[PDB]
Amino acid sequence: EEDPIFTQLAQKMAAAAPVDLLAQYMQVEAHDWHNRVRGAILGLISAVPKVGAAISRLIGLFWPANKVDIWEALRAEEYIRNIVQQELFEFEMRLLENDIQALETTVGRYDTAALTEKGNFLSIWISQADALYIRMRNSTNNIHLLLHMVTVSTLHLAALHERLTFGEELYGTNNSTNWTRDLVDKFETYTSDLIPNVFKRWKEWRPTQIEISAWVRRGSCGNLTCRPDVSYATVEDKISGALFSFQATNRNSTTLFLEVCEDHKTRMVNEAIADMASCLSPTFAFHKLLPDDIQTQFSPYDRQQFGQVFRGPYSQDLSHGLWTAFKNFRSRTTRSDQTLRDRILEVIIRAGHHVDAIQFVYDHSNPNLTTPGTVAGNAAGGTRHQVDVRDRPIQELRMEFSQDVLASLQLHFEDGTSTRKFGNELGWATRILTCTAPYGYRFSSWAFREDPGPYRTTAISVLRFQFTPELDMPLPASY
């Protein structure tokens, strides 16, 4: 007995025939919790001017009849395994169970209350949500509860928004100055203090779980041969479990492999920070709960912490698991594009057998003009492809590496459509890597390394992509 959704998706792809709607749906499900939190916030802004209407929608998303609840949906978040230790926030949540049930009881009582009793339950809701967040924030394992803090802060500000929006209906008085100040103050505490500061503590911890080991065995002449010196190094992430091993003979050095190991650590930390930033990105929509007339007085998020996140770098060298020889490893970018403009209008790709050139083309203060990015690679080589990405944001970039350089590039758009693969039309890809936008973030910039390629022209050997929060990200239909 199959779940009917898979049947409908198979028929929908037949009807369309095109986009892999099956894969599309499952990628939405991977971010179920994320979509619920965003869905609940968007509901508070868009919903009919009717007391409890938006809150009823929030309850439907967070505590549906036929689906997992918000707390267990949280457990299944795609990125969770790379950023926090499941077992630690499992323990903390056993201590918070009765406080969470109490808050849920109050949320339910507000929903079912007559208008004359709603005001009382909302006050209790506000207090309970406030206390529950303070508990999580004061916990020894607070950094592992960061997604639980996104959930509770959402419930807190939902109630504060409800109280301001419908305050005269709930209480009768005109205390809108107080109701406004209360929303603003708790908005500030979360978005300017508690979320950034706990994220900073988390960011200091995450790299400590990646251990670099370097050692040597001195050569030995005995009966049969003279065995050479062997220098070794390993970089292991205890969270993700990713392991990269290096060794080189006829060398006696504990420093030889530190640079490439540190580059791998930076890369793993980049991936971890981007994942966490994504999971916190729903809190960047709290800004939209503030009255329109004061929205320009507040930042939607802490730009130092969340303004810039990275995936990669990517290279043929960075993909190899176990080295038996010492190479001049292409393990990081050596050139960064402009970052001032954070919206891409076009991507220019020159390509023949390999990728000849990449240029991001950004927006301009004057919306009629554009800001040409740095030209990576050979500006004269191959065929020039101008991909207009106005009205189709980039969701994923696929890179193929061959002969130690970038062989091809392909863009995957938000709606699931894609470009042609540019370069390596006929050839075999040694490595295939997919750079996926952190959910809630857009491509904002990039960095690269250039090297002489096998055609004795400038090739792109290393790529790293930079992202900034997307404050106007559309949700899937069902949300």
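Quick note: we count residues from 1 along the sequence shown, nothing fancier.
- Message: Please classify the coordinate gap between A17 and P18 in terms of deposited residues: none, 1 to 3, 4 to 9, or 10 or more.
- Response: The entry has a gap there, with 4 to 9 residues left out between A17 and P18.
Of 312-320 and 345-353, the one with larger mean CA B-factor: In the deposited entry, the stretch with the higher C-alpha B-factor mean is 345-353.
- Message: Please compare 299-307 with 361-369 and name the stretch with the higher mean C-alpha B-factor in the deposited structure.
- Response: Looking at the record's C-alpha B-factors, the answer is 361-369.
Margin query: Just to confirm, going by the entry's C-alpha B-factors, which of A233, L397, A274, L170 comes out highest?
Written below: That would be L170.
_Highest recorded Cα temperature factor - choice among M268, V405, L115, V150_ = In this record, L115 carries the highest C-alpha B-factor of the candidates.
Legend entry - B-factor third for the C-alpha atom of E204 within its chain: Its C-alpha B-factor belongs to the highest third of this chain's values.
With respect to C-alpha B-factor, does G52 fall in the lowest, middle or highest third of the chain as deposited? Highest third of the chain for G52's C-alpha B-factor.
Original post:
Split the chain's modelled residues into thirds by Cα B-factor; is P282 in the lowest, middle or highest one?
Top reply: It belongs to the lowest third of the chain when residues are ordered by C-alpha B-factor.
*If you rank the chain by CA B-factor, which third does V462 end up in: lowest, middle or highest?*
Bottom third by C-alpha B-factor.
* Would you check the entry's CA temperature factor for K288 and let me know if it's in the chain's lowest, middle or highest third? => For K288, the deposited C-alpha B-factor lands in the middle third.
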